[PDB]
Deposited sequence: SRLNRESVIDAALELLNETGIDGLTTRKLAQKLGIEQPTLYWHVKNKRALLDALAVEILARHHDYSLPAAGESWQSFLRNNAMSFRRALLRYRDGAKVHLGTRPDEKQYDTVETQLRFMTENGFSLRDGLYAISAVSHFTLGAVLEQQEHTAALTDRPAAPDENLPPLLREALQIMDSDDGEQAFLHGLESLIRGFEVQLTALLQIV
């Protein structure tokens, strides 16, 4: 195929879908593109640079709810942004694993900056707004991971029923439920001000 940022990424995405993050090796990428390793090396220097680019690309191509709508509430944003995040993280095999460890990329600077400011101008201190943003991120990541990494791998009464409930759907209900509890818990903090809550 052609060898430019976009073509290379597409092949990388398709390859991830087939072999998972572990099967994803520059060697396999070369074959997929129908080229020799030295040709690939000229474009993609290594596995981490390749994965970093993927983490970025996955979000820019599927994470539709990144910036808040006109006059939207901080609660609705956190909910919508979290859902979008989870959605994008699921689009690809090991998607959540690819994202793991990454920090805002330059292209994202704009988007993340805006998220932080939006939270402050709604009553959050940089600290608290950051923490709300973080908790949502950490909660979404772990849920998706435990879901994906689970599928890719004598019981007592309550536990038994628990296990059936956890298979009813692909962890979606439990997530949305936890998401609400998280957002609400943030409310009780914002409105609590300096009072003992």
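Enquirer: Which regions of the deposited sequence are unaccounted for in the modelled residues, listed N- to C-terminal?
Expert: Missing C-alpha atoms (numbering from 1) occur across the range 154-163 alone.
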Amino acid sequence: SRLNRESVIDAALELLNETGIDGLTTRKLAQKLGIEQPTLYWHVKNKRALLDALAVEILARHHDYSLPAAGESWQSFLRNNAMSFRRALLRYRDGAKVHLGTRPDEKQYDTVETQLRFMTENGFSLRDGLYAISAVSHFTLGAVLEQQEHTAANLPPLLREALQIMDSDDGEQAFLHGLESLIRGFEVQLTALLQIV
From here on, numbers count along this sequence of modelled residues.
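The term rigid core refers to the maximal set of C-alpha atoms that superpose within 1.5 Å between the two forms.
Enquirer: Could you tell me which of the two stretches, 21-29 or 171-179, has its Cα atoms lying farther from the shown structure in 6 other deposited structures of this protein after fitting on the rigid core?
Expert: Stretch with the larger root mean square C-alpha distance in 6 other deposited structures of this protein: 21-29.
Enquirer: Should the higher mean CA B-factor in the entry be assigned to 7-15 or to 173-181?
Expert: It is 7-15 that shows the higher mean C-alpha B-factor.
Enquirer: Per the record, averaged over C-alpha atoms, which has the higher B-factor: 55-63 or 136-144?
Expert: Stretch with the higher mean C-alpha B-factor: 55-63.
Enquirer: For the listed residues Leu130, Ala153, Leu50, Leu40, which one has the largest C-alpha B-factor as given in the deposited model?
Expert: Among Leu130, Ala153, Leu50, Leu40, the PDB entry lists the largest C-alpha B-factor for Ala153.
Enquirer: Relative to the other modelled residues of the same chain, rank the CA B-factor of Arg79 and answer lowest, middle or highest third.
Expert: Lowest third, going by the recorded CA B-factors of the chain.
Enquirer: Mind checking which third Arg93 falls in for C-alpha B-factor across the chain?
Expert: For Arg93, whose C-alpha B-factor we compare with every modelled residue in the chain, the answer is the middle third.
Enquirer: When the deposited Cα B-factors of this chain's modelled residues are ordered and cut into thirds, is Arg87 in the lowest, the middle or the highest one?
Expert: Its C-alpha B-factor, which the entry lists for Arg87, ranks in the middle third among residues of this chain.
Enquirer: Lowest, middle or highest third: which one holds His99 when the chain's residues are ordered by CA B-factor from the entry?
Expert: Lowest third, going by the recorded CA B-factors of the chain.
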